[PDB]
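Engineer: Sequence below, structure please.
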Amino acid sequence: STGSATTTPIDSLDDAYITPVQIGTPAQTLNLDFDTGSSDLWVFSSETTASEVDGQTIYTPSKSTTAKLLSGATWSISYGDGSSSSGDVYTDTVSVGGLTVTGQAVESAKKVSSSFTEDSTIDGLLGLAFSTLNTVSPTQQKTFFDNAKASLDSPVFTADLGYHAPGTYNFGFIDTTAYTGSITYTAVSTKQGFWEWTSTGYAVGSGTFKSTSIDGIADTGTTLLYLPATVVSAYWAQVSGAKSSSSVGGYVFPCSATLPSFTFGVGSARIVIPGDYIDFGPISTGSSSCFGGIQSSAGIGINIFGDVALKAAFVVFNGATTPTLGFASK
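Structural biologist: Numbering: from 1, shown residues only. Take a look:
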């Protein structure tokens, strides 16, 4: 089997992407944030504290003939972006882009952080990191991808994110029309539960490539690119007027600036992030100071290849027994 679904930016900045997912029988379609940095499928539901719902589409297990309470199972979450949520667990039928999993753990929010309540466009998360990060207790649950692997033509999924435009998540096959040149594959460590790999270096604009190893994660659930302070300083030094602002919480730059590209290494290959991808617009309406899309990972404790980096590439998440990551230009 295979699946193929369109993913759409939630706003004009590409702050996140939502992908329609069918849950239950008859289908209930929720728009979920596909997150290769976490491993829970959780949704707003008929059980979510009413005051903490504001615009989201909710999952109602009692209207699904295939929903079953996973007795005793609970979940509780909080990722690297200041948010959280918790509740109980159902199993139900889940389909993505034509690909169907039966008995998928669907984690039903009794409570959500206000950060989610505030964003009406995201109905939940579909985790695509390794199942070892799944928060269900006392019986840990598998991700949608892990459950699907048995039936997939090939145990892979691909992320093809758009710049200010829709893109595609595919399951079980590699669309050879979706990229240019070759796919360069690189080793993955699953020791932290992430799609963790080592970039071979970087360049700023038309500058010379600096060979240097940068360990980080491929994380579709993170908006920006978070790299070591040395790297980030070298980038923003090339932008007249750019500065790190504690009031704003990162590098800002004059909205009148043209940003240089940023290149990262994948083995001997190179992925070029166009400068415009690094512009996240005025810090507040009307401001002439703009927020930068490359920021320091110092204090995160891990480098993050988020959407800024990933959308410049066709990315293969190879879930073979020895997992790997592939990157192609597109």
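
Engineer: Apart from its neighbours in sequence, what residue is nearest the residue nearest in space to the middle of the chain?
Structural biologist: Nearest residue to the geometric centre of the chain (C-alpha atoms, centre = their mean): residue 220, 1.8 Å. Once flanking residues are discounted, residue 220 sits nearest to residue 36: 4.5 Å by C-beta to C-beta, 6 or more residues apart in numbering. Yep, even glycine has a C-beta here, placed from its N, CA and C like the rest.

Engineer: How about residue 319?
Structural biologist: residue 155 (4.5 Å).

Engineer: and the one you found, how many residues sit next to it?
Structural biologist: 19 (other C-beta atoms under 10 Å).

Engineer: Return the set of buried residues in whichever strand in the chain runs longest.
Structural biologist: Ranked by residue count under DSSP state E, the longest strand found in the chain is strand 99-112. The neighbour-count check on strand 99-112 (16 or more other C-beta atoms under 10 Å) flags 99, 101, 104, 105, 106, 107, 108, 109, 112 as buried.

Engineer: Run through the residues that contact the fourth one.
Structural biologist: Which is residue 105. Contact analysis of residue 105 by C-beta atoms under 8 Å, 6 or more residues apart in numbering lists 41, 70, 73, 89, 90, 91, 134, 136, 141, 142.

Engineer: Tell me how far residue 245 lies from residue 252.
Structural biologist: Separation of residue 245 from residue 252 (C-beta to C-beta, to the nearest Å) stands at 5 Å.

Engineer: list residues touching both of the two?
Structural biologist: Common neighbours of residue 245 and residue 252, counting by C-beta under 8 Å, 6+ apart, are residue 289.

Engineer: okay, now residue 287: neighbour count?
Structural biologist: Per other C-beta under 10 Å, the neighbour tally for residue 287 reads 13.

Engineer: shift numbering so it begins at 54
Structural biologist: Let's use 54 as the start, then, which means that last one is residue 340.

Engineer: which SS class is it?
Structural biologist: coil (DSSP: H, G, I helix; E, B strand; the rest coil).

Engineer: Once you drop chain neighbours, what's closest to it?
Structural biologist: Excluding the flanking residues, the one nearest residue 340 by C-beta to C-beta, 6+ apart is residue 308, at 7.5 Å.

Engineer: Just the CA trace of the helix ranked longest in the chain, in CSV.
Structural biologist: When the chain is scanned for its longest helix (criterion: DSSP state H), the result is helix 282-289. The C-alpha coordinates for helix 282-289 follow below in CSV (Å, rounded to 0.1, in the frame of the first residue of the first chain):
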residue,chain,number,x,y,z
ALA,A,282,25.6,30.2,17.9
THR,A,283,28.8,30.4,15.8
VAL,A,284,27.0,29.4,12.6
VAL,A,285,24.1,31.7,13.3
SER,A,286,26.4,34.7,14.1
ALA,A,287,28.3,34.1,10.8
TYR,A,288,25.0,34.2,8.9
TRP,A,289,23.5,37.3,10.4
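
Engineer: quick one: buried residues of it?
Structural biologist: Those would be 284, 285, 287, 288, 289, for helix 282-289 by 16+ other C-beta under 10 Å.

Engineer: which two in these are spaced the farthest apart?
Structural biologist: 284 and 289 (10.0 Å; C-beta to C-beta).

Engineer: Walk me through the domains of the protein.
Structural biologist: 58-227, 228-383 (curated CATH domains).

Engineer: Check the separation of the first and last residues in the last one.
Structural biologist: From the first residue to the last, domain 228-383 extends over 12 Å; the measure is C-alpha to C-alpha, to the nearest Å.

Engineer: Off-centre distance for that domain?
Structural biologist: Distance of domain 228-383 from the chain centroid (C-alpha atoms, centre = their mean, to the nearest Å) equals 13 Å.

Engineer: got a list of contacts for stretch 234-241?
Structural biologist: Taking C-beta under 8 Å, 6+ apart as the rule, stretch 234-241 contacts 227, 248-251, 319-322, 367, 369, 371, 376-382.

Engineer: please redo it, this time with the cut-off set to 7 Å
Structural biologist: 248-250, 319-320, 322, 369, 376-382 (C-beta atoms under 7 Å, 6 or more residues apart in numbering).

Engineer: Quick one: the helices in the protein, in order.
Structural biologist: Going by DSSP H, the chain shows helices at 167-170, 197-201, 282-289, 360-363.

Engineer: Identify all contacting residues around the longest helix of the chain.
Structural biologist: 255, 257, 295, 304, 315, 345, 347, 348, 349, 351.

Engineer: hang on, the earlier thing: make CSV from the buried residues of helix 282-289 and add distance to residue 169 to it.
Structural biologist: Below are the buried residues of helix 282-289 laid out as CSV (distance: C-beta to C-beta, whole Å):
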residue, distance to residue 169
284, 31
285, 28
287, 35
288, 31
289, 31
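
Engineer: Which members of the contacts of helix 282-289 are positioned in strands?
Structural biologist: Those of those lying in strands (DSSP E): 255, 257, 304, 315, 345, 347, 348, 349.
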